[PDB]
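J.:
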Amino acid sequence: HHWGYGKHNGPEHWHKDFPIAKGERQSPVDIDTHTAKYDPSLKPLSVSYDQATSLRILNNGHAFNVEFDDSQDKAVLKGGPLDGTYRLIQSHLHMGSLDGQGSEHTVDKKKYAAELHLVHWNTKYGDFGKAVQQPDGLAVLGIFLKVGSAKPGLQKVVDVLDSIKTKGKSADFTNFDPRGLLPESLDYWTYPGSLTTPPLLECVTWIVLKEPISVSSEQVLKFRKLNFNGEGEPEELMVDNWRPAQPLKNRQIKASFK
Ligand SMILES: [Cu+2]
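FYI, in PDB author numbering the residues of the sequence shown are 3 to 125, 127 to 261.
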């Protein structure tokens with residue numbers, strides 16, 4: 003019924019309800035490190051996540067989510083390919099069923115265990132709603148996740164996952180710090196893209212970080228136990244909720260690093 007990631011409602015079906023699914027700037031895409039090119043005009047990336055603004059954590063049937071207070075500029079994104087200030091409004095995790103898959107964007111065909119997305123909107128549009136209606140309304144920072152050492156900033160979250168196991172559930176969480184999710188390096192690739200889930204609006208400036216972060220298998224496994232389904236329904240594990248790479252058409256992927 004509702005769009006999804008199954009065989010009967012997965013990505014390859016979306017185009018029937020959202021013709022833009024076959025647009026000219028769809029995400030995610032595969033990053034060919036030796037096709038993408040350094041762009042000397044890109045300014046430095048500014049990830050000012052000083053004042054934490056996390057509010058809720060929830061299961062919306064599509065993925066694990068975190069909502070932030072976007073009333074002020076307490077967590078914004080500036081610099082890089084961006085013109086203006088972009089406000090962080092939410093974050094979600096794309097998880098795989100196996101350690102070898104999960105990420106939406108790929109690097110030279112390589113898939114990661116998962117991909118985190120931090121969504122920000124151009125504060127020049129009044130609100131999120133009017134932003135997505137614009138080509139330069141969104142800025143999504145994508146962060147790759149590989150299995151290994153445990154990520155501290157994720158434990159506290161992983162500890163209360165059972166409180167949002169099924170769709171429609173949510174738990175207050177003012178404890179979430181998007182700083183604890185960032186890798187050491189802020190090198191990235193940027194390209195004009197879209198949302199990776201319906202409506203698939205082509206309103207996104209993508210900033211994918213080259214350096215992945217590590218998470219333990221315990222943390223991963225706990226994320227693989229969320230459910231696509233609601234309470235009192237046949238269990239459907241929330242895994243492989245990622246859209247495969249889309250045609251780059253002839254878009255240019257730029258590197259922030261030489
Ligand atoms: Cu996403």
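Note that the Cβ used here is the ideal one computed from N, Cα and C, for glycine as well.
From the DSSP secondary-structure annotation, give me the bridge partner or partners of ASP101.
T.: DSSP output for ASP101 lists no bridge partner at all.
J.: What span of residues does the alpha helix (DSSP H) with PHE131 cover, start to end?
T.: Run containing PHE131: 131-134, per the alpha helix (DSSP H) assignment.
J.: If you drop the 5 nearest sequence neighbours on each side, which residues of the same chain put their C-beta closer than 7 Å to that of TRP123?
T.: Within the same chain, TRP123 has close Cβ partners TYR88, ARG89, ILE91, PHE131, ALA134, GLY140 and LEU141.
J.: Tell me whether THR199 counts as near ligand 1, meaning its Cβ is closer than 7 Å to at least one heavy atom of that ligand.
T.: Answer for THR199: yes, Cβ within range of ligand 1.
J.: Alpha carbon to alpha carbon, how far is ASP190 from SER259?
T.: If I take the Cα positions, the gap works out to 6 Å.
J.: Alpha carbon to alpha carbon, what distance is there between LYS225 and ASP101?
T.: Going by the C-alpha atoms only, they are around 13 Å apart.
J.: Pick out the complete beta strand (DSSP E) segments inside the segment 61-111, 3 residues or longer, and give them in chain order.
T.: Those beta strand (DSSP E) runs which fall completely within the segment 61-111 and span 3+ residues are 66-70, 78-81 and 88-97.
J.: Out of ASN61, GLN222 and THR125, which has the shortest C-alpha to C-alpha gap to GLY156?
T.: Nearest C-alpha to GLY156: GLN222.
J.: Among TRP209, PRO250, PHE179 and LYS261, which residue has its Cα nearest to the Cα of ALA54?
T.: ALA54 has its Cα closest to that of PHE179, out of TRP209, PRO250, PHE179 and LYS261.
J.: Using only the heavy atoms of ligand 1, determine whether one of them is closer than 7 Å to the beta carbon of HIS94.
T.: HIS94 Cβ: within cutoff of ligand 1.
J.: Is the beta carbon of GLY63 sitting closer than 8 Å to the one on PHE231?
T.: For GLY63 and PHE231, yes; Cβs fall inside 8 Å.
J.: Going by the CB atoms, is the gap between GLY145 and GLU117 shorter than 8 Å?
T.: Yes, Cβ-Cβ distance for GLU117 and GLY145 is below 8 Å.
J.: Are the CB atoms of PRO46 and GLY81 nearer to each other than 8 Å?
T.: The answer is yes: Cβ separation under 8 Å.
J.: With H, G and I counted as helix, E and B as strand and the rest as coil, what does DSSP make of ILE167?
T.: Residue state, collapsed to three classes: helix.
J.: Return the CA-CA distance between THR35 and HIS107, expressed in angstroms with no decimal places.
T.: Computed Cα separation, rounded: 12 Å.
J.: Using only the alpha-carbon positions, how far apart do residue 279 and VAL68 sit?
T.: Because the chain here runs from 3 to 261, residue 279 falls outside it and cannot be looked at.
J.: Measuring only from the beta carbon, is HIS119 closer than 7 Å to any heavy atom that is part of ligand 1?
T.: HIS119 Cβ: within cutoff of ligand 1.
J.: Quick check: does the Cβ of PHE260 come within less than 7 Å of any heavy atom belonging to ligand 3?
T.: Ligands in the displayed structure: ligand 1; ligand 3 is not one of them.
J.: Out of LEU164, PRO42, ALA77 and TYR40, state which residue places its alpha-carbon closest to the alpha-carbon of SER56.
T.: Selected option, being the one with the closest Cα: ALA77.
J.: Measure the C-alpha to C-alpha separation of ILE22 and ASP72 and round it to an integer number of angstroms.
T.: Straight-line Cα distance between these residues: approximately 28 Å.
J.: Assign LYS113 to buried or exposed, taking buried as 16 or more other Cβ atoms, counted over all protein chains shown, within 10 Å of its Cβ.
T.: With 16 or more other Cβ atoms within 10 Å, it is buried.
J.: List, from N- to C-terminal side, the beta strand (DSSP E) runs of 3 residues or more that fit wholly inside the segment 203-240.
T.: Whole beta strand (DSSP E) segments, 3+ residues: 207-212 and 216-218.
J.: Excluding the 5 residues flanking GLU234 on each side, which residues of the same chain have their C-beta closer than 6 Å to its C-beta?
T.: So the qualifying residues of the chain are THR169.
J.: By a C-beta neighbour count over all protein chains shown, 10 Å radius and 16 as the cutoff for buried, is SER93 buried or exposed?
T.: It counts as buried.
J.: Report the three-state DSSP secondary structure of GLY145 (helix, strand or coil).
T.: Three-state result, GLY145: strand.
J.: Quick one: grab the DSSP three-state call for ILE256.
T.: Coil.
J.: Residue range of the alpha helix (DSSP H) that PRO13 falls in?
T.: That run of the alpha helix (DSSP H) goes 13-16.
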